[PDB]
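This report concerns only the one structure given below.
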Amino acid sequence: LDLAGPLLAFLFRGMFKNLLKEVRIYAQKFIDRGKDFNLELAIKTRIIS
Amino acid sequence: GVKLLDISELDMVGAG
Amino acid sequence: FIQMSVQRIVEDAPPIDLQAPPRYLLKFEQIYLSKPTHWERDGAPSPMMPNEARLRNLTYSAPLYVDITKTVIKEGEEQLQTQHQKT
């Protein structure tokens with residue numbers, strides 16, 4: 001019986017995967033520009049929320 | 001385990 | 001879920017590796033929650049009560065922070081490890 005716990009864990013997996021994909025895209029974009037990315041702007045917080 | 005933060009340790013970065 | 005499974009989902013995530021060359025590593029280590037708070041239009045945190053959430057059509061939610069270690073190597077055989085606390 002998947003309760004709130006396993007269920008929310010299942011969602012949080014995909015959402016954290018998507019967050020890591022987003023910061024990968026942002027960091028690759030700014031690294032290929034030759035300059036350091038700001039980590040705090042790389043995170044799109046609205047994915048999880 | 002996940003730590004708890006008190007409300008006084010929340011910096012006002014969410015406003016900036 | 002909150003106390004254990006979230007921290008495990010973060011810990012078992014593979015660290016992020018980026019190139020152009022300048023190598024960049026990202027690793028998430030520790031997880032933090034505060035009590036459910038609310039920032040008004042002034043951006044001022046305040047403890048949000050569930051009755052307020054029912055009444056004002058808010059979401060009884062707690063912000064989530066993570067400690068992140070970025071380890072950048074500029075192919076000079078040196079690693080700069082900068083840590084952002086409570087991101």
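As shown in the structure tokens, the chain order sets the letters A, B, ...; within each chain, residues go from 1, and ligands are also counted from 1 in the order they appear.
Every protein, DNA or RNA residue with an atom at most 9 Å from residue B:5, where only C-alpha atoms count and chain neighbours fewer than 4 positions away do not, is listed here: residues 9 and 10 of chain B; 32, 33, 34 and 35 of chain C.
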Selected residues written out with C-alpha atoms, as a CSV table (one decimal), in the first residue's frame:
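Written out: out-v3.csv:
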chain,number,residue,atom,x,y,z
B,9,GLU,CA,18.1,31.3,10.4
B,10,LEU,CA,16.1,32.0,7.3
C,32,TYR,CA,17.2,21.3,5.7
C,33,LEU,CA,13.5,22.2,6.3
C,34,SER,CA,12.1,25.1,8.3
C,35,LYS,CA,8.6,25.2,9.8
Worksheet item: Which neighbours of residue C:71 fall inside 7 Å, counting only C-alpha atoms, when residues of the same chain fewer than 5 positions from it are skipped, and could you give them as a ChimeraX atom specification?
Response: /C:24-26,79-82
Mind running chain A against chain C at 9 Å and telling me each contacting residue's nearest atom pair with the distance in Å (one decimal), counting only C-alpha atoms, chain and number ascending, as a tab-separated table?
residue	atom	partner	partner_atom	distance
A:4	CA	C:1	CA	8.0
A:5	CA	C:1	CA	4.7
A:6	CA	C:1	CA	7.0
A:8	CA	C:1	CA	7.4
A:9	CA	C:5	CA	6.5
A:12	CA	C:6	CA	7.7
A:13	CA	C:9	CA	6.5
A:16	CA	C:10	CA	7.8
A:17	CA	C:13	CA	8.1
A:20	CA	C:16	CA	7.7
A:23	CA	C:16	CA	8.9
A:24	CA	C:16	CA	7.1
A:27	CA	C:18	CA	7.5
A:28	CA	C:18	CA	6.5
A:31	CA	C:20	CA	5.9
A:32	CA	C:20	CA	5.2
A:33	CA	C:20	CA	8.5
A:34	CA	C:20	CA	7.6
A:39	CA	C:84	CA	8.7
A:40	CA	C:87	CA	7.4
A:49	CA	C:61	CA	9.0
Proximity check chain B to chain C, 6 Å, nearest pairs one decimal Å, only C-alpha atoms, as a Markdown table:
| residue | atom | partner | partner_atom | distance |
| --- | --- | --- | --- | --- |
| B:1 | CA | C:3 | CA | 5.7 |
| B:2 | CA | C:31 | CA | 5.2 |
| B:3 | CA | C:32 | CA | 4.9 |
| B:4 | CA | C:33 | CA | 5.3 |
| B:5 | CA | C:34 | CA | 4.6 |
| B:6 | CA | C:34 | CA | 5.9 |
| B:15 | CA | C:43 | CA | 4.2 |
